[PDB]
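Structural overview
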Amino acid sequence: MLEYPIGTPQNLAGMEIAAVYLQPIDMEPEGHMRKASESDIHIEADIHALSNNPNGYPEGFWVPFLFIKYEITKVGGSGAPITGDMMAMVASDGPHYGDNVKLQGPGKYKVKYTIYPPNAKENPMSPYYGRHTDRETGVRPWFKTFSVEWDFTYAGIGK
Amino acid sequence: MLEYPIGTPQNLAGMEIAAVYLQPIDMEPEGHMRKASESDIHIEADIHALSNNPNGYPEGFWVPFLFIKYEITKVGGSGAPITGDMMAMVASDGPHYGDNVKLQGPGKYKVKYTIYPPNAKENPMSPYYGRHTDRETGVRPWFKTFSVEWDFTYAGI
Ligand code: NA
Ligand code: NA
Ligand code: NI
């Protein structure tokens, strides 16, 4: 099956941030993702460490415990922006942040991700992840919440 | 970076499970780890995917969202077992599960880890992680909770 790129990856705070979409998926636990039959796509945020990542991740590692909010808007057209929170999950090609999304038909869409670090008050995983701070094994502070945007042309499941 | 081994790694459920320890650490958020000055070691569970991991992890990837309990027993042995829950955290060499621990002096110890998958009701990370189940991108079910044990000799510091 086809995985569609959403623009080109952007590099910030020692991380590569990429956006992709595919057909809606099914996930355990059930009842968290919007039903696949009631969705158009499964949108994903692919976040991996660059070389010399300041938070201690080896190059290519998945960056875990982040919280991602998205806003998808049909470019210059009728309809409200489509918003939601991604969920961390694993697939046959590894761990991703993603969500099943219902769109507003074929056309151009803006896609914006707002990426929250593990220590952000909005991130629900903040009580469950730490960062070493001692001189010997410590790392630099977490990045501050930031956004990245792209656009893509949605045509459906016409493959 | 210098760490000390606790026995040798064990391969189970498509994962390499290793136990290591180093000097006590400091962590953000503060006040969660036992104070470094009140600890002897920082104990770690190093868990990485093997080749053909059944849950979709590429070989060498850190296995995230696990919940790990530990029990450390001094072989003879007048003290109570040392117990705790590890916390996931990142250090200059990458992410680990770890905890600051106060031991019961030099000697031989048994170390047992109980590893909970990310869908276990006992695991507080379970509400935050999922697994694709569709034919095209899906993975095999999570492993069942299991334990691993090692012996090691502690001499300080
Ligand atoms: Na496009
Ligand atoms: Na703090
Ligand atoms: Ni996904």
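Throughout, a per-chain count from 1 in the order the sequence is written supplies the residue numbers; the entry may number residues differently, and those without coordinates are omitted. Starting at A for chains and at 1 for ligands, labels are handed out in the order in which the entities are written. Calculated side-chain values reflect all of the structure's heavy atoms, with hydrogen atoms and water omitted.

Per the PDB entry, the recorded name for chain B is FtrA-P19 protein, and the organism is Rubrivivax gelatinosus.

In the annotation of the PDB entry, chain A is listed under the name FtrA-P19 protein and assigned to Rubrivivax gelatinosus.

Description of the interface of chain A and chain B
Our working rule: Contact definition: two residues touch when any of their heavy atoms are within 4.5 Å. The quantity reported as buried area is the accessible area (1.4 Å probe) lost by two parts once they are put together, taken as the sum for both. Every case where a carboxyl oxygen of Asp or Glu lies within 4 Å of a side-chain nitrogen of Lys or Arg is listed as a salt bridge. Pairs of N or O atoms within 3.5 Å make up the polar contacts considered here, provided that, within protein, one atom can donate a hydrogen while the other can accept it, and that residues adjacent in sequence are counted only when both atoms are side-chain atoms. Runs of H or I in DSSP of at least four residues are treated as helices and runs of E of at least two as strands, each being numbered from the N terminus. Amino acids outside the nonpolar list (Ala, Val, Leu, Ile, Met, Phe, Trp, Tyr, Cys, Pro) and the charged list (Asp, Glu, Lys, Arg) are all regarded as polar, and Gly is one of them.
In this complex, chain A contributes 45 residues to the contact, which on the side of chain B involves 46 residues. Here chain A packs against chain B, burying approximately 3700 Å² in sum over the two surfaces, 61% of which is carbon and sulfur. Of all residues in chain A, A:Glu28, A:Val90 and A:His132 bury the most surface against chain B, accounting for 18% of the area lost on that side. Between A:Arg131 and B:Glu28 there is a salt bridge, with the nearest N and O atoms lying 2.7 Å from each other. Counting across the chain A and chain B interface gives 19 residue pairs in polar contact. Elements with a contribution of two residues or more to the side of chain A that touches chain B: β3 (27–28), β4 (41–49), β7 (87–91), β8 (94–101) and β10 (129–132) of chain A. Counting residues per element, the side of chain A that touches chain B draws most heavily on β7(A), at five residues. Class assignment of the residues belonging to the side of chain A that touches chain B gives a composition of 24 nonpolar, 13 polar and eight charged.

Observations regarding the nonpolar core
The line we're drawing: Among buried residues, those of type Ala, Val, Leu, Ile, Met, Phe, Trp, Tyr and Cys that are joined through side-chain atoms within 4.5 Å constitute a nonpolar core. Only protein chains enter the accessibility calculation, which uses a 1.4 Å probe; a residue is then buried when its area is under 20% of its type maximum, exposed when over 50%, and partly exposed in between.
Ranked by internal contacts, the top residues of the largest apolar core, which has 80 residues, are A:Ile47, A:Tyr113, A:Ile115, B:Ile47, B:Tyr97, B:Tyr113 and B:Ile115. Not counting chain neighbours up to four residues away, the residues in contact with A:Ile115 comprise A:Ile17, A:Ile47, A:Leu66, A:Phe67, A:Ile68, A:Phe143, A:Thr145, A:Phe146 and A:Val148.

Here's the deal with the side chain of A:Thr137
Along the chain, the position of A:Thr137 falls in the loop between β10 and β11 (146–154). Within the structure, A:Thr137 has its side chain in polar contact with the side chain of A:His132 (distance 2.7 Å). Within polar-contact distance, the side chain of A:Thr137 engages the side chain of A:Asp134 at 2.7 Å. Look past the residues within four positions of A:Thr137 in its chain and what remains in contact with it is A:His132, B:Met1, B:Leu22, B:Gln23, B:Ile25, B:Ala91 and B:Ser92.

Here's the deal with the pattern of salt bridges
In the structure shown here, the tally under the stated rule is seven salt bridges over all chains. Residues A:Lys110 and A:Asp151 are paired through a salt bridge, measuring 3.4 Å at the closest nitrogen-oxygen approach. Here A:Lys110, found in strand β9 (residues 107–116), pairs with A:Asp151, found in strand β11; they are 41 residues apart in sequence, far enough to count as distant. What makes A:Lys110 partly exposed here is its relative accessible area of 31%. Three or more residues are tied together by salt bridges with common partners; here these are B:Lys108, B:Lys110 and B:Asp151.

A look at the sheet that holds strand β5 (residues 67–74) of chain A
All names here are of chain A. Just so we agree on the cut-off: Two strands pair under a simple rule: DSSP has to find at least two bridges between them. Here an angle of 0 to 180 degrees is reported between the N-to-C directions of two axes, which are lines fitted to C-alpha atoms, with helices fitted over the stretch in contact.
Ordered in space as β6-β5-β9-β11, the four strands form an open sheet in which the pairing is antiparallel. Unpaired on one side and paired on the other, β6 (82–85) and β11 mark the two borders of the sheet. Each neighbouring strand pair of the sheet contributes to a mean axis angle of 20°, computed without reference to strand direction. Looking at chain direction, β5 and β6 are connected through four bridges and run antiparallel. Directly across from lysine 69, in β6, lies its bridge partner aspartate 85.

Points about the pairing of β9(A)
If a strand is regular, its side chains alternate between the two faces of the sheet. Residue and element names in this part refer to chain A. Where β5 and β9 come together, eight bridges link them in antiparallel fashion. Of the residues in β9, the one forming a bridge with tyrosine 70 is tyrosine 113. Inspection of the sheet shows β9 paired to β11 by nine bridges, in the antiparallel sense. From the neighbouring strand, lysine 108 faces β11, where its bridge partner is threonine 153.

Side note on the sheet that holds strand β8 (residues 94–101) of chain B
Read across the open sheet, the seven strands follow the order β1(B)-β2(B)-β4(B)-β8(B)-β7(B)-β10(A)-β3(B); overall the sheet is mixed. With partners counted over all chains shown, the strands left at the sheet margins are β1 (4–12) and β3 (27–28) of chain B, one partner each. Pairing of β10(A) with strand β7 (residues 87–91) of chain B, which is carried by three bridges, proceeds in the parallel orientation. Within the sheet, the bridge partner assigned to A:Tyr129 lies in β7(B) and is B:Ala88.

Overview of the pairing of β10(A)
Burial along β10(A) is two-sided: A:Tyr129 and A:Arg131 facing one way and A:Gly130 and A:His132 facing the other are all buried. In this structure, β10(A) lies alongside β3(B), joined through two bridges in antiparallel fashion. Across the sheet, the residue bridging to A:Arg131 is B:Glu28, located in β3(B).

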